[PDB]
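Consider the single chain below, provided in structure tokens and representing the form deposited in one PDB entry.
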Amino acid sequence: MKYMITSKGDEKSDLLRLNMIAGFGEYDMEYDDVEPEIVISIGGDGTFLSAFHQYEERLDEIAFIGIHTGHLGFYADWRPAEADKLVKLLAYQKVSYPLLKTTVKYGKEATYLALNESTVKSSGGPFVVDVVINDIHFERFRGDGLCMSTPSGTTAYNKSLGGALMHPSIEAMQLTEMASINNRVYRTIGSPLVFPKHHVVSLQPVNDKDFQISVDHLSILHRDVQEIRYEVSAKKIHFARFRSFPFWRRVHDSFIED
């Protein structure tokens, strides 16, 4: 089976990568970074996010695995001491997490998939966007920006913005505010909002039409944006899982104790 390994690029991750390639060479495993069926990411969650986006156009053909060469990751949830054990196993069940579809319309159109979140922020100071939910005007937001998170993204930016942590088996997306203005003139809901599949959340400009839009680790200034549309994707990321490591335990282990 074709596999590839991305590395964070520090000495520990590079050497672990080379040692795992050696191990795979002892099985019927072919290294192929063009059409892998298995993508192993060695590093932390940033490395894992890069692996996802490197292969996002072949997501249904790939099972991802993450090895953390520092602290426990939510994606990189395997320790380097089990690298040799993991090679033997690869040569399993699959677990799928929901993804966020982001559409950017100009005046053509571009789509992006997010594993953690997509955000929109101002070209300086506070910006103003109308928030439309299923074609219904919900609020006029004035403030620093907005963050739309996947379930597995809820432990990342979403959490620091006060959002809820959502088990990734729930097919949903969660919208959180960054520093909204609320006075007698300006009003937002304030609370995070959790949307099911097939709900569409549209952000539309009011005066300024330039924004910084991020998708996971990738931030891009978009000019002449007419709309940013969020919906739970029909596409899913698949993990190879070899043991039970429950999400709520990953949460406990990362934020409570370990």
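Throughout, rigid core stands for the largest set of C-alpha atoms superposing within 1.5 Å between the two forms. Just count from 1 along the sequence shown to find any residue number. Only residues modelled in both forms are compared.
At least a third of the other compared entries skip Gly70 while keeping the residues on either side. Of the other entries compared for this protein that flank it with modelled residues, all give atoms for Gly125, so not even a third lack it. Coordinates are absent for 1 to 3 residues of the deposited sequence placed between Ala91 and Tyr92.
A chain break between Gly107 and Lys108 is present, corresponding to 1 to 3 residues of the deposited sequence without coordinates.
In this crystal structure, the stretch out of 21 to 29 and 244 to 252 whose C-alpha atoms carry the higher mean B factor is 21 to 29. If you average the C-alpha B-factors over 80 to 88 and over 129 to 137, the higher value belongs to 80 to 88.
Of all the options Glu231, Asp45, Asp216, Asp210, the entry's greatest CA B-factor is assigned to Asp210. As recorded in the entry, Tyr186 carries the highest CA temperature factor of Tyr186, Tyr97, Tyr157, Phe74. In this PDB entry, the Cα temperature factor of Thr111 sits in the top third of its chain's modelled residues, the highest group. Among the modelled residues of its chain, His198 has a C-alpha B-factor that falls in the middle third according to the deposited record. Ranked within its chain, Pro205 lands in the highest third, by CA B factor from the PDB record. Annotation for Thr102: C-alpha temperature factor in the middle third relative to the rest of the modelled chain, per the entry. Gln226: CA B factor lies in the highest third for its chain, per the PDB record.
Quick note: we don't show the form deposited in another entry, though the next part is all about it.
Rigid-core fit between this form and the one not shown: of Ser123, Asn134, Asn182, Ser160, the one residue whose Cα shifts 2 angstroms or more is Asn182. Shifted stretches between this form and the one not shown, defined as 3+ consecutive common residues each with a CA displacement of 2 angstroms or more after rigid core fitting, are listed in sequence order as 124 to 126, 182 to 186.
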